[PDB]
């Protein structure tokens, strides 16, 4: 569920989801209405697309099991939906971490008048 996704984000990035990622750029911070501005912004686009493949699941409310082994998120046992939701959240949190060095604070609460139209998955 979203709480677990937020725990992943904090653990991988060192930042709380609000405001560093929930307000970020033209996709993360504008309800997926704009073209992603950079790699961090695109992580949210991929995460939505990842959830979009789970048509028979409730990615926002289904609680899954996971642990950490050798610094890697290990999605544990559970329903097929639980494992697939976990893999979406893991991929996005690691994506945030991988792009910490191009993260721009001035993209937090970015003025959406300068955002461009968005593309599909």
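Positions refer to the first chain, counted from 1.
*Asks:* With respect to the recorded C-alpha B factors, which stretch has the higher mean value, 10-18 or 105-113?
*Replies:* Result of the comparison: 105-113.
*Asks:* Please work out which of 68-76 and 81-89 has the higher mean CA B-factor as recorded in the PDB entry.
*Replies:* It is 68-76 that shows the higher mean C-alpha B-factor.
*Asks:* Of the choices 28, 56, 94, 49, which one's C-alpha carries the largest B-factor in the record?
*Replies:* That would be 56.
*Asks:* Considering every modelled residue of the chain and its Cα B-factor in the PDB entry, is residue 37 in the lowest, middle or highest third?
*Replies:* As the PDB entry reports it, the C-alpha B-factor of residue 37 lands in the highest third of its chain.
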